[PDB]
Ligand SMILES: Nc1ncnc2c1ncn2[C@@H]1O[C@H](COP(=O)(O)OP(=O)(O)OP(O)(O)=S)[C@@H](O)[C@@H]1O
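Take a look at this one chain, the form deposited without this ligand, written out in structure tokens.
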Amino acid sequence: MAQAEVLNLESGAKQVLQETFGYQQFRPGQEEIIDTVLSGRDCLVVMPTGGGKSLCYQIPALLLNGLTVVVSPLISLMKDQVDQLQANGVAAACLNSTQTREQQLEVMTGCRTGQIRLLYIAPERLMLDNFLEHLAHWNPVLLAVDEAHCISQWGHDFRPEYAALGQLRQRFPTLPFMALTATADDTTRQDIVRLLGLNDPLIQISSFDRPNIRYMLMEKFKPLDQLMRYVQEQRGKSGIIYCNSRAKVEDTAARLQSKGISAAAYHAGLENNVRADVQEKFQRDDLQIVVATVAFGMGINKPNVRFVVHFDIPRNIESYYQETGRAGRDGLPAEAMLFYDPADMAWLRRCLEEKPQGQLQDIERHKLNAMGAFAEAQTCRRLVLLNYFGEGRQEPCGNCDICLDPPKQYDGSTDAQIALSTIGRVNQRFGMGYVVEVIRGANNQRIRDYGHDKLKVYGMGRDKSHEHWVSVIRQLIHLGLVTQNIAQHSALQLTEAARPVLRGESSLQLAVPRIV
């Protein structure tokens, strides 16, 4: 079998980091994870980038005797990891249904004979053709599940092939598991641990704050002209412009090229050699801009992308966070610019509400609502993101469009106490609409049947508009005082941070709600 490379495991982690991978020091959370994995304890890793993430299982794999198995759905990216690893002297291979059976059998023979240390496998392949019975004889020492949020229906990218990964724990009870992801909120993180059967795992959630990325929004008004001007104002800085159609990509690349800008189109309709060339030309800074569909995702992630534009709003914050997160991997100042029109959200809502009714549509609706609320926020954009992912923070960043031009404020302490009290009084079971009706004292049969018309809070906000109360509550959500529980039909629920305001111990400044 693949042999451990270092005598002392504790000192080995840093030795391999530096000597094999060339990194001088660990990033936050990495050492902890790696030492925990080397101790044989299950782990869930929520990390800012794939880069720090992958070393969380590659370093352990080099310090252990045995085979490390890495499950990933990214076939054309898994194959790239292998080449890069092999170039660093690491015995890596991959197995998936796209390979010929001849090639698959060679990889299986490499694992059987102990010539392969690290095997990347597609989830479908791992659970097919009695592969697990073969895997049991190959001295498995660690099983890592990448893109682990894909096992959850509460996430933004559920994959049916991940569901069967819940059978691994039972089949390999003494095999330590790790689950890894860059984008999972609280509900999704909890679901990952439950579905994979992680045994009291170390849960390492790194910060979602990328302090060097400035987040901005521009309301659309002749948006093709706004986009060209934005690009002109970058004055040569590199960028990715994300569009939701191939024609937008192609037309946008042509208009930029017409103005002397070094830009290329990138989408799944290009040939593989053309895709690789565009990626390489962008990596080396031969190209200033790549205009792309969501296909030009992570994977290339040049460290020095200066800006990411979203011409069209994404369907969920998870996607928006992942895509904007491709900017400024080097830590130098970077910007994310989203062009928005409320008619864009109206269209997405239309598309969604005629899809099949039920649980799946509810999940999509919840995440779409939150994306629209981010766009229409009156609170620091960074706080919206951080609190969406459950990273409690109330201090404004000073580095987003809202922080650069804060809305007029008012003392919202009384309004916040009314909203927070209402949420508590209705036992945190109801969504935004119902709560606002209770506050405004509406004539509603449902309210009377629950007896909520007898509450003291009932009608305490009747003198302020529906949109006023929606804004108050949305700002409380964006500040992390209130959450929307996706597993309870988006019920409004209270956090620990709500306590001082609810008690009247602290004052709360809020944005005066926009008239709209």
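Here, rigid core means the biggest group of C-alpha atoms that superpose within 1.5 Å across both forms. Each residue number is its position in the shown sequence, starting from 1.
Beyond the structure shown, there is the form deposited with this ligand bound, which is absent from this document and is the topic of what follows.
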Take this ligand as it is posed in the deposited bound form, superpose the C-alphas around its site onto the chain shown here, and state whether the site is open or blocked, counting it as blocked when 3 or more ligand atoms lie within 2.4 Å of a backbone or C-beta atom. blocked
Since only the chain is shown here, I'm wondering whether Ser11 would be in contact with this ligand in the deposited bound form (any heavy atom pair within 4.5 Å). no
So, in the deposited bound form, is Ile447 in contact with this ligand at a 4.5 angstroms heavy atom limit? no
Going by a heavy atom distance of 4.5 Å, is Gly40 a contact of this ligand in the deposited bound form? no
Classify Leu17 as contacting or not contacting this ligand in the deposited bound form by the rule of any non-hydrogen atom within 4.5 angstroms, answering yes or no. yes
Go through 453-461, 24-32, 479-487, 60-68 and give me the stretch that gets within 4.5 Å of this ligand in the deposited bound form, heavy atoms only. 24-32
Interface residue in the deposited bound form among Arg306, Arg365, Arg329, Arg440, criterion: non-hydrogen atom within 4.5 angstroms of this ligand: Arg329
Give me the residue from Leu385, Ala182, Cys111, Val435 that has a heavy atom within 4.5 Å of this ligand in the deposited bound form. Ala182
At a threshold of 2 angstroms on the CA positions, core aligned, which residue out of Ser490, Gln30, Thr36, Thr49 shifts between the shown form and the other one? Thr49
Relative to what is shown, are the Cα atoms of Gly51 and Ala87 closer or farther apart in the deposited bound form, where the gap shifts by 3 Å or more? farther
Per the comparison in the deposited bound form, the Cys111 and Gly51 C-alpha atoms (change 3 Å or more) are positioned farther
